[PDB]
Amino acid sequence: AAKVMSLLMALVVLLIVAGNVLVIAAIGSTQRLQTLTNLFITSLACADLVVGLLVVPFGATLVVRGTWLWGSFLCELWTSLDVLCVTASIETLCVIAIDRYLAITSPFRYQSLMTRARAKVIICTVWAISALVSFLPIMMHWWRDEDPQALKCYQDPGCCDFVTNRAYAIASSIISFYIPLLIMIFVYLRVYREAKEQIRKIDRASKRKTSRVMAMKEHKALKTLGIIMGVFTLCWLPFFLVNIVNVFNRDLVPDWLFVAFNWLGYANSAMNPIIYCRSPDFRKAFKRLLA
């Protein structure tokens, strides 16, 4: 089992780095792909790339070795980098949802409103919020719990467990995950509503001659909308649910499961290249980049 568990972690790093490098390459190398949406995809790909290169590898060792081997400063910095990139990843998914929603439902209002320079500011905000949720509280010890058992892991340089006070785990989880989740639900539900209402008008227009049914395009749109919310929620909801549970009755969920749920969230960073870069232009770019 533990032989297979380490081999699994290896490809998680490979899939993330391979995938996200390939996206960033495709966008930077192809003039056609340098659209406004793909500016946000670039932000996402960078965050997931740093997760693959630095965050997940150091995490892999901690599971295999059973202990932190790089000392207390690098435990903090690795944890800060982890939180930052997960926050920037999830908050960027939320921005993409909004971007696509406006691009689909109000395409003309969107073109004048969403400039490239306004997009650059949105991207910078996401990374600034990510930094202030992660580096500022973790390096300055605001995240620290008072409990004696927690204080034993903070002093031990071999221990790098992710233990926090109440306020931080609530505020950090809401800003990094739950607000982004709700916005994404709200936004994508309005895409479904706008589509459903549009079919109702087409049925009304016919003067009782036809009733529209879900064609090939509508089933694909609904399946695509399912993958987006489904994979995002499956990968991160369990971890972030348990992260709040730990703040109250900490003995309820075992440590091995909470760790396993964290690996599921890291796997999201491998999924995003596959979910968000399926366009014809991306497929042409990927073939060209692989000779």
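So that there is no doubt, residue numbering starts at 1 and follows the sequence shown.
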**OP:** Higher average CA B factor in the deposited record is what I'm after, so tell me if that's 132-140 or 110-118.
**Re:** 110-118
**OP:** For the higher mean C-alpha B factor in the entry, choose 71-79 or 142-150.
**Re:** 142-150
Subject >> Which of 190, 201, 100, 166 ranks first by CA B-factor in the deposited coordinates >> reply: 201
**OP:** Identify, among 10, 271, 23, 17, the residue whose C-alpha carries the highest B-factor in the deposited PDB entry.
**Re:** 10
Subject >> Relative C-alpha B-factor of residue 56, binned into the chain's lowest, middle or highest third >> reply: middle
Subject >> Third of the chain's Cα B-factor distribution that residue 235 belongs to, per the entry >> reply: lowest
Original post:
Looking at the C-alpha B-factor of residue 247, is it in the lowest, middle or highest third of its chain?
Top reply: highest
Original post:
Can you tell me which third, lowest, middle or highest, the CA B-factor of residue 40 falls into for its chain?
Top reply: lowest
Subject >> Assigned third (lowest, middle, highest) for the C-alpha B factor of residue 194 >> reply: middle
